[PDB]
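# Per-entry structural report
Read off the chains here:
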Amino acid sequence: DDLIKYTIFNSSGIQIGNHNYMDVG
Amino acid sequence: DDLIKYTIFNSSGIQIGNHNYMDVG
Amino acid sequence: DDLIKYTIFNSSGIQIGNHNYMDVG
Amino acid sequence: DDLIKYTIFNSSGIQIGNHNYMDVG
Amino acid sequence: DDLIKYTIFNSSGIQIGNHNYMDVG
């Protein structure tokens, strides 16, 4: 029941962890 | 019962884990 | 039950971890 | 039970870690 | 139990770590 919930709007990707990166341009 | 729910809109994918990266452009 | 919950609106992604970076522009 | 909860509205991303940076503009 | 919880509204994020910086303009 809503154990994991990710809600995003008009946002960049979410990087959770190590050695994670994202370039936005 | 909505155990896991992902909502995205105008956004890149969500990277959950290690050694995960994505280039946006 | 709401073990992990990430809700963001009109914001950049949240980078949690080491050696994680994001360029926004 | 609400082990990790991040809720933000109209804000910049929050970078938690070492060697993490983000430019907003 | 609410080990990690951050909530901000209409404000810049807070960078916690070493060699972390954020330019907002």
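The record names solid-state NMR as the way this model was obtained.

The biggest cluster of nonpolar side chains holds 15 residues, and the ones touching the most others in it are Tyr6 and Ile14 of chain C. Taken together, the elements giving at least two residues each to this core come down to β1 (4-9) of chain A, β1 (4-9) of chain C together with β1 (4-9) of chain D. Per element, the largest residue contribution to this core is three residues, and it comes from β1 of chain A. Sequence-distant contacts of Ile14 of chain C, defined by excluding residues within four places in its chain, comprise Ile14 and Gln15 of chain A, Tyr6 and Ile8 of chain C together with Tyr6, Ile8, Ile14 and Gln15 of chain D.

Attention now goes to the side chain of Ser12 of chain B. As for its placement among the helices and strands, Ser12 of chain B is situated in the loop between β1 (4-7) and β2 (15-16). The class of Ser12 of chain B is buried, set by a relative accessible area of 15%. At 3.1 Å, the side chain of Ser12 of chain B and the backbone nitrogen of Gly13 of chain A are in polar contact. Once you skip the residues sitting within four places of it in the chain, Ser12 of chain B turns out to touch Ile8, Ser11, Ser12, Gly13 and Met22 of chain A together with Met22 and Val24 of chain B.

Of the residues lining the interface, 25 residues belong to chain B; the matching set on chain A comes to 25 residues. Summed over both sides, the interface of chain B with chain A buries roughly 2,100 Å², with 50% coming from carbon and sulfur. Applying the counting criterion to the chain B and chain A interface returns zero salt bridges. Scanning the region where chain B abuts chain A turns up 22 residue pairs in polar contact. At the level of elements, β1, β2 and β3 (21-24) of chain B are the ones that each hand at least two residues to the side of chain B that touches chain A. Of the residues belonging to the side of chain B that touches chain A, the class tally is ten nonpolar, eleven polar and four charged.

What counts and what doesn't
Sequence-order numbering is used: residues on each chain count from 1 as written, possibly diverging from the entry numbering, and only residues with coordinates are shown. Naming scheme: in the order in which they are written, chains are lettered from A and ligands are numbered from 1. In computing side-chain values, all of the structure's heavy atoms are included and hydrogens and water are not. By nonpolar core we mean a set of buried residues, namely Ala, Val, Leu, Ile, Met, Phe, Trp, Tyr and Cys, connected to one another through side-chain atoms within 4.5 Å. When a residue's accessible area, from a 1.4 Å probe over protein chains only, is under 20% of the maximum for its type it is buried; when over 50% it is exposed; and in between it is partly exposed. Only DSSP runs of H or I covering at least 4 residues are called helices, and only runs of E covering at least 2 are called strands; the numbering of each starts at the N terminus. Two residues form a contact once any of their heavy atoms are found within 4.5 Å. We define a polar contact as two N or O atoms separated by no more than 3.5 Å, with the added condition that, inside protein, one atom must be a possible hydrogen donor and the other a possible acceptor, whereas residues neighbouring each other in sequence contribute only through side-chain atom pairs. Once two parts are put together, the accessible area they lose, assessed with a 1.4 Å probe and summed over both, is termed the buried area. In the sections that follow, a salt bridge refers to a side-chain nitrogen of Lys or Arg positioned within 4 Å of a carboxyl oxygen of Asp or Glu. Here the nonpolar group is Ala, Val, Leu, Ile, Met, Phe, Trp, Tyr, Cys and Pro; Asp, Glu, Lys and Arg are the charged ones; every other residue, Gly included, is treated as polar.

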